[PDB]
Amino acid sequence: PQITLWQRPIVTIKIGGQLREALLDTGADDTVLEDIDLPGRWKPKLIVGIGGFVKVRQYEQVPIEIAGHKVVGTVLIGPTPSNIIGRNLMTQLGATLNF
């Protein structure tokens, strides 16, 4: 799609049967979801946001569907006021910003 930015750019995502919504954030290096579970071991990571640091679980090479497009990449699970899709997965959609 072509998405204008008058409202927040929210798309549907799906991870192993969990259907959720998330924000396309070109200021995010990484993808951070709160309302999802993923199986097995993770790597604990601290990440930086505008308001401070947060502890997340890092899961690698996760299959995920974003606005109906299947991609694979790292997903971080932890507290956030909004689910966020970062550049790590937006590059897999071939996303561009046009300005």
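All residue numbers are counted from 1 along the displayed sequence. Each form is matched to the other, and the largest set of C-alpha atoms that superpose within 1.5 Å is called the rigid core.
In 4 other deposited structures of this protein, superposed on the rigid core, which stretch sits farther off in Cα RMS terms, 43 to 51 or 60 to 68?
It is 43 to 51 that deviates more in 4 other deposited structures of this protein.
Can you tell me whether 67 to 75 has a higher mean C-alpha B factor than 53 to 61 in this record, or the other way round?
Between 53 to 61 and 67 to 75, it is 67 to 75 that shows the higher mean C-alpha B-factor.
Averaging C-alpha B-factors over each stretch, which comes out higher, 16 to 24 or 82 to 90?
Higher of the two, by average CA B-factor, is 16 to 24.
For the chain shown, is the CA B-factor of residue 32 in the lowest, middle or highest third of its modelled residues?
CA B-factor rank for residue 32: lowest third.
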